[PDB]
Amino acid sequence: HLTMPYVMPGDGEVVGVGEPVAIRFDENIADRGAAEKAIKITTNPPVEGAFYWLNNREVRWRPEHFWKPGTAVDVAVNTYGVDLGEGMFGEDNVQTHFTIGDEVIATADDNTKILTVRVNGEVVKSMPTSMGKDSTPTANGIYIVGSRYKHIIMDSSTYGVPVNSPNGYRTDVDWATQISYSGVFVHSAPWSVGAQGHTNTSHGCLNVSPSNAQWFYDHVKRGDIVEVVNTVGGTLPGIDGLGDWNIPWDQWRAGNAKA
């Protein structure tokens, strides 16, 4: 009947302007309100933020707008002995201190088929891309950068689609940067370098050149932003895991502490 929290990002990390604070618990939290009250977030410079739950075990906190570069963030999860409902008690306190690095925002525009990277306002890179083909389009929205992989075997069964079923796949991929928990990545796509900038051919990922994918791997960090615009797809869910910013501030602020 004890639940331990885990906070992200990790102590000492430098993260991009889209990185929310994340407190994950190893058990469903009955009393979200108690959990929220136990978590103190301090920022310098000070900015307003708010909690919103992505599922029964993980709550997120972020501001209305992307963080200002340079901001220092302190999180104290003071859950030791707190009654979190249905007879579950916080097993422990946890903490983290982190800082916000440079503003890196990349936009993938399906009308141009170009992924442009802006660092602190200025364009530093302009990569042709090939996104989701019309029958499996890439969703528009704001994506937060997660993990990066030098090499990875991309397998659709990970995400509930059998490899040998119509939209299935299993492929070795290089220089992959994760941007949704649903399995969207910016990655090396040596096969479609002729289609990149012209035609969408993917299952939903952002195909770029091997060298552009390596650059993206090397120069993006956790919490940087990728925005996809003008596709024929839907909208990344706000509760994806990396889709937090697609929930409008009015709704995020109001929260969901009583659900």
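Residue numbers here begin at 1 and follow the sequence given. The term rigid core refers to the most C-alpha atoms you can superpose between the two forms while keeping them within 1.5 Å.
The stretch that moves more in 8 other deposited structures of this protein, judged by CA deviation after a rigid core superposition and choosing between 110-118 and 162-170, is 162-170. Stretch 82-90 is the one, of 82-90 and 139-147, whose CA positions lie farther from the shown form in 8 other deposited structures of this protein once all structures are superposed by the rigid core. Taking the PDB entry as given, 158-166 carries the higher mean Cα B factor of the two stretches 158-166 and 129-137.
In this entry, the higher average B-factor at the C-alpha atoms falls on 88-96, of the pair 88-96 and 103-111. Across the options 191, 52, 216, 67, the residue with the most elevated CA B-factor in the record is 191. You'll see in the entry that, of 77, 82, 184, 117, the Cα B factor peaks at 82.
In this PDB entry, the Cα temperature factor of residue 206 sits in the bottom third of its chain's modelled residues, the lowest group.
In the deposited entry, the Cα temperature factor of residue 179 sits in the bottom third of values across the chain's modelled residues. Among the modelled residues of its chain, residue 250 has a C-alpha B-factor that falls in the highest third, as given in the PDB entry. Ranked within its chain, residue 222 lands in the middle third, by CA B factor from the PDB record. The entry lists a Cα temperature factor for residue 229 that places it in the lowest third of the chain's modelled residues.
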